[PDB]
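Participant: This is the structure I want to talk about, given as structure tokens.
Note that we place each Cβ from the backbone using ideal geometry, even for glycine, and neighbour counts take in every protein chain shown. What follows is calculated from the coordinates using simple rules that are stated; it is not laboratory data.
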Ligand SMILES: Cc1ccccc1NC(=O)c1cncc(C(N)=O)c1
Ligand SMILES: [Zn+2]
């Protein structure tokens with residue numbers, strides 16, 4: 001689990017969105033596993049505006065943060081796992097690292113701010129849905 005709070009927006013994994021998220025929907029993309037809902041409280045996170053390919057992410061299944069190198073956002077085929085099916089997903093970045101389903105929502109951050117959130121995993125890789133291209137989250 002986990003979310004990004006920037007301005008009056010909440011960014012969450014689309015597959016983890018609640019009834020309140022869908023009732024206050026701002027934007028969603030089923031090809032990216034992202035959904036953004038509106039909030040009454042003002043959030044203070046900052047979204048990175050950059051092309052970094054190194055950062056740190058939080059892994060709840062290890063209660064640890066790990067430094068990683070990651071690929072630029074692209075269209076990737078995600079392999080089938082014990083509990084979830086295989087799929088194609090866009091704007092996804094991969095790194096070598098540990099990820100289990102419940103790790104979705106963990107934030108990847110660089111020196112500039114939030115880069116993305118854990119969205120895929122298995123086979124020794126971790127995949128993050130990028131948010132740096134969503135410029136409208138800044139206004
Ligand atoms: C994160 C992870 C790690 C290991 C194994 C599997 C996963 N995948 C998920 O929990 C997951 C569940 N629902 C949807 C998606 C998606 N990106 O569409 C991903
Ligand atoms: Zn950066």
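Participant: What ratio of Cα Rg to 2.2 N^0.38 Å holds for the chain?
Facilitator: Working: Rg = 13.9 Å, N = 139, 2.2 N^0.38 = 14.3 Å.
Rg over 2.2 N^0.38 Å, computed on Cα atoms: 0.97.
Participant: Just check the stretch 58-123 against the gyration tensor rule for me: Cα atoms, a ≥ b ≥ c as the square roots of the eigenvalues, rounded for a/c under 1.5, and otherwise prolate or oblate depending on whether a/b exceeds b/c.
Facilitator: Details: a/c = 2.07, a/b = 1.23, b/c = 1.69.
It is oblate, given that a/c is not under 1.5 and a/b is not larger than b/c.
Participant: For the residue pair residue 63 and residue 28, what label-to-label distance in nm results when each label sits 7 Å from Cα along the Cα-to-beta-carbon direction?
Facilitator: 3.4 nm
Participant: Quote the FRET efficiency, to the nearest 0.05, computed for residue 1 versus residue 44 with a Förster distance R0 of 22 Å and r equal to the Cβ-Cβ distance.
Facilitator: Values: r = 20 Å, r/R0 = 0.89.
Efficiency for this residue pair is about 0.65.
Participant: Follow-up. Could you calculate the contour length gain from residue 20 to residue 112, that is, 0.36 nm times the residue separation minus the distance between their Cα atoms, to one decimal place in nm?
Facilitator: On the way: separation 92, 0.36 × 92 = 33.12 nm, distance 2.98 nm.
Using 0.36 nm per residue and subtracting the Cα-Cα distance, I get 30.1 nm.
Participant: Taking the chain as a Gaussian network, where each spring joins two C-alpha atoms under 10 Å apart, which residue of 17, 41, 129 fluctuates the most?
Facilitator: Maximum fluctuation in the GNM of the chain, among the listed residues, is at 41.
Participant: So if each residue of separation counts as 0.36 nm, and I subtract the Cα-Cα distance between residue 79 and residue 139, what length gain in nm does that give? Walk me through the intermediate numbers first.
Facilitator: Working: separation 60, 0.36 × 60 = 21.60 nm, distance 3.60 nm.
Difference between extended and current length: 18.0 nm.
Participant: Related question: Before anything else, pin down the relative contact order of the chain: Cα pairs under 8 Å, at least 6 apart, normalised by residue count, whole percent. Spell out each step's value before the answer.
Facilitator: On the way: 333 pairs, mean separation 34.5, N = 139.
Computed value for the chain: 25 percent relative contact order.
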